[PDB]
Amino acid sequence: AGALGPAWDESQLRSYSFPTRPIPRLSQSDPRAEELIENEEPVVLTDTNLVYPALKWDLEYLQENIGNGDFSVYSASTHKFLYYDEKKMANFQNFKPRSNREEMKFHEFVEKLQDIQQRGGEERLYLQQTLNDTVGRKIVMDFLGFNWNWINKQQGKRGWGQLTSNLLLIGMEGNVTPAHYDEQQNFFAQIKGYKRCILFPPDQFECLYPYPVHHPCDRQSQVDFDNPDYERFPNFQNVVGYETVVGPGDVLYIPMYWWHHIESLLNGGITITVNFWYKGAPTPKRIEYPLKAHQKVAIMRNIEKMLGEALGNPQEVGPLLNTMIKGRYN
């Protein structure tokens, strides 16, 4: 609007080996949007006003008003901020994380951000912090001004469980969260800057090769999107994504179990996002066959969990599964 030019251009997108097709961008009043959510397919909603009061947020406003709580800030010497569960690192002591978590005050995050910009350093930062009671007064008022009427009615219409968390995300241009899926429904509310989102449906599990359930990187893809090892991950040559770029005011529905790869646009400045994580609807009373892909994903996860428990050691899960299949099911 106002003829301010192209918000972004394709030069700012990283290059990958797979094709994509676009996620629909719709008005929340469009019946097709309702259709996509009800069928757990991704959609970008352009006019929800979900986080309208937060669109004025920048680092200055937040430092002044977000309080003096602790904020988890991840640091990496690479653009890939691969998520890992610190609590599972015991199971895989040969795993050396490439990003480190550091607690700090918000003004320390801005200052550390400022230093890196001055020194031209290569270090990268990504703040990822659940919002909680410790936020300042004006942030509380903004939070209350979110469109709870709209999102509460979505939660009720879809039979979802409780809102578990709102994750505040502040990243540097070029930051990447590698492909993974979450076990909760997500309304991904973009606030500042532009994020390219590439989603893959649950039925491409075979092409994306998640880590073992007991690995710290459970639910994350093993494939290095920047250099896919096609000999270890041959079916990654069959992956096809759903792509969009969200900017301030957009809300992307990331359905539960859907893989997503998220990157802050190159040379786009900092990005700010707040997500809305809801527990999924319960498993229905009557089961309809054939099962959906995501039901099979749930089954596979539980098989891995139970074997790790029964065998008394996650390291024995792999060997037992191979014993099961070799010359029997393959």
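Don't overthink the numbering: it's just position in the shown sequence, from 1. Between two forms, the rigid core is defined as the largest C-alpha subset superposing within 1.5 Å.
* Asked: Do the Cα atoms of 217-225 stray more than those of 91-99 in 9 other deposited structures of this protein, or is it the other way round, with the core held fixed?
  -> Clearly, after the core fit, the stretch farther away in 9 other deposited structures of this protein is 91-99.
* Looking at the deposited entry, does 150-158 or 92-100 carry the larger mean Cα B-factor? -> That would be 92-100.
* Asked: Given the B-factors recorded for C-alpha atoms, which segment has the greater mean, 176-184 or 79-87?
  -> Taking the mean C-alpha B-factor of 79-87 and of 176-184, the larger value falls to 79-87.
* **Identity of residue with top Cα B-factor, from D218, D229, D133, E243** => The listed residue with the largest C-alpha B-factor is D133.
* **Largest Cα B-factor, entry values, listed residues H214, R196, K192, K138** => In this record, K138 carries the highest C-alpha B-factor of the candidates.
* Taking the values exactly as deposited, rank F109 by C-alpha B-factor within its chain and report the matching third: lowest, middle or highest. => Answer is highest: the recorded C-alpha B-factor places it there.
* In terms of the chain's CA B-factor thirds, is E64 lowest, middle or highest? -> Its C-alpha B-factor, which the entry lists for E64, ranks in the highest third among residues of this chain.
* Ordered by C-alpha B-factor within the chain, which third holds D203? Give me lowest, middle or highest, please. => Lowest third - that is where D203 ends up once the chain's C-alpha B-factors are sorted.
* **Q118 - which third its CA temperature factor falls in, relative to the rest of the chain** => CA B-factor rank for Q118: highest third.
* Considering only modelled residues of the same chain, in which third does the CA B-factor of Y278 rank: lowest, middle or highest? -> CA B-factor rank for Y278: lowest third.
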